[PDB]
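Just below is one structure, and these are the notes that go with it.
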Amino acid sequence: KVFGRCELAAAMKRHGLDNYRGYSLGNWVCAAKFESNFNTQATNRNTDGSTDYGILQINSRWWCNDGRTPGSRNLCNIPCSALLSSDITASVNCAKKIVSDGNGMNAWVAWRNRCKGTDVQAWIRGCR
Ligand SMILES: [Cl-]
Ligand SMILES: [Cl-]
């Protein structure tokens, strides 16, 4: 599923990401744009051998199991493939754990490099 921008904002708000750990909804939408281009099916291998999965590019070294990342933890207790669903529920629940872990949204490299410090509210402007 390639989400539309407002469509993703709606789904993230429904699942309770707006202001979760103090991050406004446009932070989450901006993270998704730059991590996955709003594509639930996105996968990208990282230099360390892990892979990032789904709409928020959640990593196989710590958060989900893909069965090919030595030293994997699976702190969200999910197969990584479940993060590619057209339904974002598992991705959102796992992102909640991630963002609660200590460094907040800085856990998302694309957020830190392309969203943090910018006008993130622009990402939900025009949406109902
Ligand atoms: Cl916002
Ligand atoms: Cl924070």
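Chain labels run A, B, ... following the order of the structure tokens; each chain numbers its residues from 1, and ligands are numbered from 1 in the order shown.
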Do you know which residues are at most 12 Å from residue 85 (chain A) counting only C-alpha atoms, after dropping those on the same chain fewer than 6 positions away, and could you put them as a ChimeraX atom specification?
-> /A:1-3,39-42,53-56,79,91-92
Please build the interface table for chain A against ligand 2 with a cut-off of 12 Å, listing for each qualifying residue the nearest atom pair and the distance in Å to one decimal; count only C-alpha atoms and all ligand atoms, order rows by chain and increasing number, and write it as JSON lines.
```
{"residue": "A:19", "atom": "CA", "partner": "ligand 2", "partner_atom_place_in_ligand_line": "1 (Cl)", "distance": 10.7}
{"residue": "A:20", "atom": "CA", "partner": "ligand 2", "partner_atom_place_in_ligand_line": "1 (Cl)", "distance": 9.5}
{"residue": "A:21", "atom": "CA", "partner": "ligand 2", "partner_atom_place_in_ligand_line": "1 (Cl)", "distance": 6.3}
{"residue": "A:22", "atom": "CA", "partner": "ligand 2", "partner_atom_place_in_ligand_line": "1 (Cl)", "distance": 6.9}
{"residue": "A:23", "atom": "CA", "partner": "ligand 2", "partner_atom_place_in_ligand_line": "1 (Cl)", "distance": 7.6}
{"residue": "A:24", "atom": "CA", "partner": "ligand 2", "partner_atom_place_in_ligand_line": "1 (Cl)", "distance": 11.2}
{"residue": "A:27", "atom": "CA", "partner": "ligand 2", "partner_atom_place_in_ligand_line": "1 (Cl)", "distance": 11.7}
{"residue": "A:96", "atom": "CA", "partner": "ligand 2", "partner_atom_place_in_ligand_line": "1 (Cl)", "distance": 11.7}
{"residue": "A:98", "atom": "CA", "partner": "ligand 2", "partner_atom_place_in_ligand_line": "1 (Cl)", "distance": 10.8}
{"residue": "A:99", "atom": "CA", "partner": "ligand 2", "partner_atom_place_in_ligand_line": "1 (Cl)", "distance": 7.3}
{"residue": "A:100", "atom": "CA", "partner": "ligand 2", "partner_atom_place_in_ligand_line": "1 (Cl)", "distance": 7.7}
{"residue": "A:101", "atom": "CA", "partner": "ligand 2", "partner_atom_place_in_ligand_line": "1 (Cl)", "distance": 9.2}
{"residue": "A:102", "atom": "CA", "partner": "ligand 2", "partner_atom_place_in_ligand_line": "1 (Cl)", "distance": 7.3}
{"residue": "A:103", "atom": "CA", "partner": "ligand 2", "partner_atom_place_in_ligand_line": "1 (Cl)", "distance": 6.2}
{"residue": "A:104", "atom": "CA", "partner": "ligand 2", "partner_atom_place_in_ligand_line": "1 (Cl)", "distance": 4.0}
{"residue": "A:105", "atom": "CA", "partner": "ligand 2", "partner_atom_place_in_ligand_line": "1 (Cl)", "distance": 6.4}
{"residue": "A:106", "atom": "CA", "partner": "ligand 2", "partner_atom_place_in_ligand_line": "1 (Cl)", "distance": 8.1}
{"residue": "A:107", "atom": "CA", "partner": "ligand 2", "partner_atom_place_in_ligand_line": "1 (Cl)", "distance": 10.1}
{"residue": "A:112", "atom": "CA", "partner": "ligand 2", "partner_atom_place_in_ligand_line": "1 (Cl)", "distance": 11.9}
{"residue": "A:116", "atom": "CA", "partner": "ligand 2", "partner_atom_place_in_ligand_line": "1 (Cl)", "distance": 11.5}
```
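Counting from CA of residue 77 (chain A), the distance to CA of residue 93 (chain A) is 10.8 Å.
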Rows by chain and residue number, chain A within 12 Å of ligand 1, shortest pair, only C-alpha atoms and all ligand atoms, as a tab-separated table:
```
residue	atom	partner	partner_atom_place_in_ligand_line	distance
A:9	CA	ligand 1	1 (Cl)	9.8
A:12	CA	ligand 1	1 (Cl)	11.8
A:13	CA	ligand 1	1 (Cl)	10.9
A:17	CA	ligand 1	1 (Cl)	10.8
A:18	CA	ligand 1	1 (Cl)	7.9
A:19	CA	ligand 1	1 (Cl)	8.6
A:20	CA	ligand 1	1 (Cl)	11.6
A:22	CA	ligand 1	1 (Cl)	10.6
A:23	CA	ligand 1	1 (Cl)	7.8
A:24	CA	ligand 1	1 (Cl)	4.4
A:25	CA	ligand 1	1 (Cl)	4.5
A:26	CA	ligand 1	1 (Cl)	3.5
A:27	CA	ligand 1	1 (Cl)	5.9
A:28	CA	ligand 1	1 (Cl)	8.2
A:29	CA	ligand 1	1 (Cl)	8.4
A:30	CA	ligand 1	1 (Cl)	9.0
A:31	CA	ligand 1	1 (Cl)	11.4
A:115	CA	ligand 1	1 (Cl)	10.8
A:116	CA	ligand 1	1 (Cl)	11.4
A:117	CA	ligand 1	1 (Cl)	11.9
A:118	CA	ligand 1	1 (Cl)	10.5
A:119	CA	ligand 1	1 (Cl)	8.1
A:120	CA	ligand 1	1 (Cl)	5.4
A:121	CA	ligand 1	1 (Cl)	3.6
A:122	CA	ligand 1	1 (Cl)	7.1
A:123	CA	ligand 1	1 (Cl)	7.0
A:124	CA	ligand 1	1 (Cl)	6.4
A:125	CA	ligand 1	1 (Cl)	8.5
A:126	CA	ligand 1	1 (Cl)	11.9
A:127	CA	ligand 1	1 (Cl)	11.3
```
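Nearest-residue note for residue 66 (chain A): choosing from A:44, A:113, A:37, A:51, the minimum distance belongs to A:51, counting only C-alpha atoms.
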Give the answer as one residue: which of A:35, A:88, A:95, A:11 has the shortest atom-to-atom distance to residue 114 (chain A), using only C-alpha atoms?
-> A:35
I want to know what sits within 8 Å of residue 74 (chain A), based on only C-alpha atoms, with residues of the same chain fewer than 6 positions away left out; could you give that as an mmCIF file with N, CA and C atoms, in the first residue's frame?
```cif
data_model
loop_
_atom_site.group_PDB
_atom_site.id
_atom_site.type_symbol
_atom_site.label_atom_id
_atom_site.label_comp_id
_atom_site.auth_asym_id
_atom_site.auth_seq_id
_atom_site.Cartn_x
_atom_site.Cartn_y
_atom_site.Cartn_z
ATOM 1 N N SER A 60 15.469 -4.711 12.038
ATOM 2 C CA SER A 60 15.556 -6.108 12.444
ATOM 3 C C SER A 60 16.620 -6.489 13.503
ATOM 4 N N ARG A 61 17.557 -5.602 13.787
ATOM 5 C CA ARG A 61 18.566 -5.854 14.841
ATOM 6 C C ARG A 61 17.922 -5.807 16.210
ATOM 7 N N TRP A 62 16.963 -4.883 16.424
ATOM 8 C CA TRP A 62 16.338 -4.704 17.755
ATOM 9 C C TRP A 62 14.861 -5.080 17.868
ATOM 10 N N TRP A 63 14.068 -4.833 16.834
ATOM 11 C CA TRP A 63 12.602 -4.706 16.999
ATOM 12 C C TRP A 63 11.720 -5.795 16.437
ATOM 13 N N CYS A 64 12.090 -6.342 15.287
ATOM 14 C CA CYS A 64 11.323 -7.453 14.693
ATOM 15 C C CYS A 64 12.249 -8.599 14.248
ATOM 16 N N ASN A 65 11.683 -9.790 14.067
ATOM 17 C CA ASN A 65 12.460 -10.911 13.598
ATOM 18 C C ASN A 65 12.276 -11.148 12.085
#
```
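From CA of residue 47 (chain A) back to CA of residue 68 (chain A), the distance works out to 13.5 Å.
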Quick one: distance from CA of residue 110 (chain A) to CA of residue 59 (chain A) in Å, one decimal?
->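 Straight-line distance from CA of residue 110 (chain A) to CA of residue 59 (chain A) works out to 13.2 Å.
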From the list A:109, A:10, A:32, A:80, the nearest residue to residue 94 (chain A) using only C-alpha atoms is A:80
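Minimum atom-to-atom distances from A:89, A:111, A:38, A:71 to residue 4 (chain A) were compared using only C-alpha atoms, and the lowest value belongs to A:38.
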